[PDB]
Participant: 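One structure, as structure tokens, below. Some questions next.
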Amino acid sequence: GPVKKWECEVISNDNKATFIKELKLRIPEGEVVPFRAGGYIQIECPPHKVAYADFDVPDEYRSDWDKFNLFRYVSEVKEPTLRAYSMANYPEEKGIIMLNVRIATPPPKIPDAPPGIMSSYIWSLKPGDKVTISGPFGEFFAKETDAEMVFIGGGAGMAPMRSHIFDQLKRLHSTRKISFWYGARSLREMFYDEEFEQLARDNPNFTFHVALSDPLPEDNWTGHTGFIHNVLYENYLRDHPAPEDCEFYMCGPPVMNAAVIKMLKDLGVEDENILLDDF
Ligand SMILES: Cc1cc2nc3c(=O)[nH]c(=O)nc-3n(C[C@H](O)[C@H](O)[C@H](O)COP(=O)(O)OP(=O)(O)OC[C@H]3O[C@@H](n4cnc5c(N)ncnc54)[C@H](O)[C@@H]3O)c2cc1C
Ligand SMILES: CC(=O)Nc1c(F)cccc1F
């Protein structure tokens with residue numbers, strides 16, 4: 001049973017943070033990609049050569065791209081390849097597949113390594129380009145219980161976080177207690193926050209919190225600071241009567257995943273109540 005494919009057209013490919021783009025694809029009209037929240041597709045690329053200098057990076061992120069000389073990078077692949085990306089839209093957002101794609105630059109200590117293949121290709125895409133996706137696939141799925149849900153996200157982990165949370169509130173009309181905790185470095189790295197604030201106004205059982213590890217003075221930030229595992233503990237789990245009765249859904253960078261899961265285990269949360277997507 002061959003995997004299904006769709007040739008989609010790029011609607012938009014906008015930065016949402018210094019190093020994350022929202023790639024929004026139009027599904028062919030009259031077609032459906034029958035995915036579940038937390039699920040993903042694979043993208044393919046043809047052979048290509050792309051220059052970071054040709055990327056469309058909005059001006060508020062350019063001084064950091066210039067600082068790290070990122071516009072000098074070039075990426076070339078001579079054979080097609082495939083990679084997985086998680087849906088940021090939820091299943092009732094029809095007609096589109098929306099992705100959050102981190103640019104996978106070379107390691108700081110090995111700066112002359114090749115850039116990441118598929119993320120560099122994706123950042124080269126412009127409105128009207130065509131891309132082939134396949135699947136959908138999934139395993140990062142919500143448990144269907146009445147337990148309280150705690151979503152913890154970082155970086156491009158925002159995509160399955162958004163999909164799950166909108167799926168619970170808008171498709172399932174869930175009455176469960178749900179909260180979302182997102183760690184980012186500074187205010188310009190935060191996105192979709194207006195959507196989550198509106199969901200929290202409309203859904204008394206839902207709350208949303210951002211921690212900034214290194215806010216800039218000009219962020220004028222009076223919110224939580226530091227790492228999200230500490231903020232989640234200090235502002236919520238420390239006087240929760242039974243954190244072990246919560247379901248925790250984690251998708252962030254590895255240093256986040258490790259710190260959150262360690263903090264949860266220290267509280268006595270069982271592995272079966274911790275679901276991780278480690279990209
Ligand atoms: C189920 C699943 C879902 C995912 N969902 C998402 C998502 O929603 N968003 C997202 O951004 N990603 C997601 N990922 C990750 C994604 O699939 C890719 O792994 C990611 O985009 C990086 O792939 P790439 O082709 O750009 O880089 P690759 O070509 O795989 O390279 C990876 C890294 O290795 C470095 N490298 C290469 N050669 C060398 C070398 N010689 N020395 C040192 N370093 C080297 C590259 O510079 C790059 O940093 C998901 C992964 C899975 C499995
Ligand atoms: C440990 C940790 O959470 N670090 C971190 C950060 F400080 C900013 C953004 C993402 C992160 F994972």
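First listed ligand is number 1; within each ligand, the first listed atom is number 1. Heads up: numbering here begins at 1 and tracks the sequence. Just the heavy atoms: all of them, side chains too, but no hydrogens, waters or symmetry mates, feed the values below.
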Participant: Hey, would you say the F208 and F180 ring centroids sit under 6.0 Å apart?
Facilitator: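 Ring centroids of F208 and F180 are less than 6.0 Å from each other.
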Participant: Can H209 and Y182 be said to form a ring pair (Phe, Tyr, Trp, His ring centres under 6.0 Å), step by step?
Facilitator: CA-CA 6 Å; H209 311 271; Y182 188 78; over 10 Å; no
Participant: Against ligand 2, does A259 come closer than 4.0 Å with any heavy atom?
Facilitator: no
Participant: How far is atom 5 (C) of ligand 2 from its nearest protein heavy atom, and which residue and atom name does that atom have?
Facilitator: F227 CD2, 4.2 Å
Participant: Does only the side chain of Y40 get under 4.0 Å from ligand 1, or the backbone, or both, or neither? Count heavy atoms.
Facilitator: side chain
Participant: Considering only non-hydrogen protein atoms, determine which one is nearest to atom 22 (C) of ligand 1 and report residue, atom name and distance to 0.1 Å.
Facilitator: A104 CB, 4.0 Å
Participant: Under 4.0 Å from any heavy atom of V255, which atoms of ligand 2 are there?
Facilitator: 1 (C), 4 (N), 12 (F)
Participant: Does the side chain to side chain donor-acceptor pair (under 3.5 Å) test come out yes or no for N13 and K21, once each step is laid out?
Facilitator: CA-CA 6 Å; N13 197 17; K21 269 191 177 297; 5.1 Å; no
Participant: Number the atoms of ligand 1 from 1 as they appear, then name those within less than 4.0 Å of a heavy atom of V101, with their elements.
Facilitator: 11 (O)
Participant: What protein heavy atom is closest to atom 21 (O) of ligand 1, reported as residue, atom name and distance in Å?
Facilitator: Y85 OH, 2.7 Å
Participant: Distance below 4.0 Å between atom 6 (C) of ligand 1 and any protein heavy atom?
Facilitator: yes
Participant: Looking at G116, is its backbone amide N or carbonyl O close enough to the side chain of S120 to form a donor-acceptor pair, meaning the two atoms are under 3.5 Å apart?
Facilitator: yes
Participant: Quick one: look up the protein heavy atom nearest atom 12 (F) of ligand 2 and list residue, atom name and how far away it is.
Facilitator: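 It is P253 CG, 3.1 Å.
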Participant: Do you see a donor-acceptor pair shorter than 3.5 Å between the side chains of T81 and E44?
Facilitator: no
Participant: Quick check on contacts: which atoms of ligand 1 are under 4.0 angstrom from a heavy atom of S119?
Facilitator: 21 (O), 24 (P), 26 (O)
Participant: To which of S86, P111, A113 does the heavy atom nearest atom 42 (N) of ligand 1 belong?
Facilitator: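 Result: the heavy atom closest to atom 42 (N) of ligand 1 is in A113.
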Participant: Any atoms of ligand 1 less than 4.0 Å from a non-hydrogen atom of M118? List them with their elements.
Facilitator: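 So the atoms of ligand 1 that pass are 24 (P), 25 (O), 26 (O).
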Participant: Quick test: of every protein heavy atom, which one is nearest to atom 49 (O) of ligand 1, and how far off is it to 0.1 Å?
Facilitator: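 Result: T105 O, 2.9 Å.
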Participant: Do any non-hydrogen protein atoms sit less than 4.0 Å from atom 1 (C) of ligand 1?
Facilitator: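 Neighbour list for atom 1 (C) of ligand 1 includes protein heavy atoms (cut-off 4.0 Å).
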Participant: Which ligand 1 atoms are under 4.0 Å away from a heavy-atom of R102?
Facilitator: 11 (O)
Participant: Please check this pair: side chain of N15 against backbone of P58, looking for a donor-acceptor N/O pair closer than 3.5 Å.
Facilitator: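 The answer is no, because no donor-acceptor pair under 3.5 Å joins these two groups.
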Participant: When you look for heavy atoms under 4.0 Å from ligand 1, do you find them on the side chain of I20, its backbone, both, or neither?
Facilitator: neither
Participant: Check for me whether the distance between the ring centres of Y236 and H240 falls short of 6.0 Å.
Facilitator: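 Here the rings of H240 and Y236 have centres that are less than 6.0 Å from each other.
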Participant: Donor-acceptor pair, distance only, cut-off 3.5 Å: does the side chain of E189 make one with the backbone of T18?
Facilitator: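 It does hold such a pair.
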Participant: Taking only heavy atoms of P106, which atoms of ligand 1 are found under 4.0 Å from at least one of them?
Facilitator: 47 (O)
Participant: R83 to ligand 1: N or O pair under 3.5 Å?
Facilitator: yes
Participant: Quick check on the 6.0 Å ring-centre criterion: do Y40 and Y85 meet it?
Facilitator: no
Participant: If you apply the rule ring pair (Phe, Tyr, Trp, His ring centres under 6.0 Å), what do you find for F151 with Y249, and how did you get there?
Facilitator: CA-CA 5 Å; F151 287 91; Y249 300 85; 4.9 Å; yes
Participant: Checking side-chain polar atoms at under 3.5 Å, does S163 have a donor or acceptor matched by the opposite partner on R36?
Facilitator: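 The answer is no; no qualifying pair exists.
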Participant: Strictly distance-based, threshold 3.5 Å: is any side-chain N or O of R201 a donor or acceptor partner for the main-chain N or O of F196?
Facilitator: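 Absent.
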Participant: Report the part of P160 in contact with ligand 1, treating N, CA, C, O as backbone and CB onward as side chain, heavy atoms under 4.0 Å; options are side chain, backbone, both, neither.
Facilitator: neither
Participant: Quick check against the 3.5 Å criterion: does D214 have a side-chain atom that pairs as donor or acceptor with the backbone of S186?
Facilitator: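 No, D214 side chain to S186 backbone: no donor-acceptor pair under 3.5 Å.
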Participant: Below 4.0 angstrom, counting only protein heavy atoms, does anything approach atom 34 (O) of ligand 1?
Facilitator: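 No, there is no protein heavy atom closer to it than 4.0 Å.
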Participant: Test of understanding: given a 4.0 Å heavy-atom threshold, classify the contact between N100 and ligand 1 as side chain, backbone, both, or neither.
Facilitator: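 Backbone only.
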Participant: Of the protein's non-hydrogen atoms, which lies at the shortest distance from atom 32 (C) of ligand 1, and what is that distance?
Facilitator: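 It is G116 CA, 4.6 Å.
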Participant: Provide, to 0.1 Å, the distance between atom 8 (C) of ligand 2 and the closest protein heavy atom, together with that atom's residue and name.
Facilitator: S213 OG, 3.4 Å
Participant: Just checking, is any N or O donor in the side chain of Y233 or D266 under 3.5 Å from an acceptor N or O on the other one?
Facilitator: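 No, no side-chain donor-acceptor pair sits under 3.5 Å.
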Participant: Can you tell me which residue and heavy atom of the protein come closest to atom 10 (C) of ligand 2, and the distance to 0.1 Å?
Facilitator: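 The closest heavy atom on the protein side is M256 CE, 3.8 Å.
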Participant: Can an N or O of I117 be found at a distance shorter than 3.5 Å from an N or O of ligand 1?
Facilitator: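 Yes: some nitrogen or oxygen of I117 is under 3.5 Å from one in ligand 1.
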Participant: Given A88, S75, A84, which one has a non-hydrogen atom that is nearest to atom 51 (C) of ligand 1?
Facilitator: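 When every heavy atom of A88, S75, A84 is considered, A84 comes closest to atom 51 (C) of ligand 1.
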Participant: Is a salt bridge present between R162 and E93, judged by a nitrogen-to-oxygen distance below 4.0 Å?
Facilitator: yes
Participant: Write out the residue and atom name of the closest protein heavy atom to atom 36 (N) of ligand 1, then the distance separating them to 0.1 Å.
Facilitator: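 Heavy-atom neighbour on the protein nearest atom 36 (N) of ligand 1: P114 O, 3.8 Å.
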Participant: Does the side chain to side chain donor-acceptor pair (under 3.5 Å) test come out yes or no for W65 and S63, once each step is laid out?
Facilitator: CA-CA 5 Å; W65 275 63; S63 271; over 6 Å; no
